[PDB]
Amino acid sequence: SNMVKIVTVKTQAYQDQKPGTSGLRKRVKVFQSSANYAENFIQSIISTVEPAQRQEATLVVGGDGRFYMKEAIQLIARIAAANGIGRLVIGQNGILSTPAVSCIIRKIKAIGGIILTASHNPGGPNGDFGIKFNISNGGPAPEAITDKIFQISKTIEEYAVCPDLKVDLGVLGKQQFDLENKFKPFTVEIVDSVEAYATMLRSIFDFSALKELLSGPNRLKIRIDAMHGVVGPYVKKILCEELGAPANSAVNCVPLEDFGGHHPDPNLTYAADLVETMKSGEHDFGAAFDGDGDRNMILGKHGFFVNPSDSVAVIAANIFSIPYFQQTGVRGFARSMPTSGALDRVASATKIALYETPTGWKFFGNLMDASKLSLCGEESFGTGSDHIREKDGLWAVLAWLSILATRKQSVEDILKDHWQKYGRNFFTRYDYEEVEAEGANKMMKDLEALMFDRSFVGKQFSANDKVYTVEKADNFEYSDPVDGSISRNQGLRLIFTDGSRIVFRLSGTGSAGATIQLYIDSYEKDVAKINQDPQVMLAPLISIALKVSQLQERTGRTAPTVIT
């Protein structure tokens, strides 16, 4: 073996291989039962690399450990070898977290990477599978490249593969493959899954201070729940082995091919195990990650919930607790439009630009590539920095520990102080899942028409205590300052004069069933308001949102499916 033949396989294209912004996800059975589905797509990706540049190109390959990953990596290798790709760098056992791929691409100046993950979607023999393509800055492929891959996938007529090539994913080092009658070899470098990423965090944070925090007398007690996904080994090797947290800090930190039969999705119910652990009051800090590691939930003592919109605000407000930002400075803050305005209060107090983007990474990456963005957040458990071009779940955790280490206060006390300083943006997201598509569209269209009337600005809404006055109402548009793209229809906003907002979106992917996402952001500054139950303080704006949108009338829903 190890000298292998190159073969050409005649194939028949499928028409549904759209790469999207977060990858091609299909049921695993689809990859398995649809002949050459994966081979075709892997070939389409490689055809976007100019033939003349392939020998000097490196692709980074790894994934989140879910069922079918290793088979796909073998398939990526067999096809990369046959197409003349010079080198793959593959994490051991195929394991690379998504922030780790971003780290490695940028570090070694790779042309890009292929990440085998479906993020928070279930995995296993009956679960989902995903294939994600990243380009040379370590981030998601932009629309121009994903368009080309899609166009190729629909009309591909043959692909190249080395059918007898097999990579040993389990042993570190360089494996070389000689291709029959090809002059130059194919090289695979298997790297430790954690090292390059850990070395990055070691530069970014003060691991000494963290070691003192987590070790010893009066240590901060933490529980870090990787939800049986990719971040497990990162937790064990970084938080436990290097930084000295007791071994019990690492919860569900063995990657499982089915994520233990659960959704590796961090929130209070999918991560019920972590929350209940935290409820005992014995530990100071808890966190959960998603399957591929770019999302994070932060919990405090007794299970105190730091909502993601508040989290980026606390980091922003204490950002120089982190050595990285001490060196680079803070170039800007950003959030997606539906994320709460907690970050804005800080960006205004610290006089830093606040960028409000449509949902989606591309907008942050552009701003980061322009050196105009240091810290970004999304209401969906996302926090990141410009250290890479993906969001970074464990990075956010190590950021919190830096602030806890510097502040020497509890998580809950830090949040109360923040609310005392900046006011609190009470925030919740209502999901209405699988609603009939026709009604939702009429709901959005009618609401947009209502808001578009000249008299709507200035309309007053009574609450049962306060009056909310409409300051601005539109359908969100964004002119991207880097690539010049204009993103239109990004969400109906009801902006009130007191700093509160209601935002409606109808969810994109509404093909299995539409989703209405209603976000409520109620700002309060008075001390007699800042420590009450959020769902109580949010009730008036919820009432106003449902009345003005007539959500119940258009859909028959008396309640959202999920509340976060």
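The numbering used is simple: start at 1 and walk along the sequence shown.
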{"property": "Which of 457-465 and 489-497 has higher mean CA B factor, as the PDB entry lists it", "result": "457-465"}
{"property": "435-443 versus 380-388 - which carries the larger mean C-alpha B factor in the record", "result": "435-443"}
{"property": "Candidate set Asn93, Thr187, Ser374, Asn137 [ranked by C-alpha B-factor, highest]", "result": "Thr187"}
{"property": "Options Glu195, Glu242, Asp225, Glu180 - largest CA temperature factor per the record", "result": "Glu180"}
{"property": "Where the record places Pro51 (Cα B-factor, split into thirds across the chain)", "result": "highest"}
{"property": "Ranked C-alpha temperature factor of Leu213 among modelled chain residues, by third", "result": "middle"}
{"property": "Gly65 CA temperature factor, ranked by third within the chain", "result": "lowest"}
{"property": "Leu546 - which third its CA temperature factor falls in, relative to the rest of the chain", "result": "middle"}
{"property": "Chain thirds of CA B-factor: placement of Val562", "result": "lowest"}
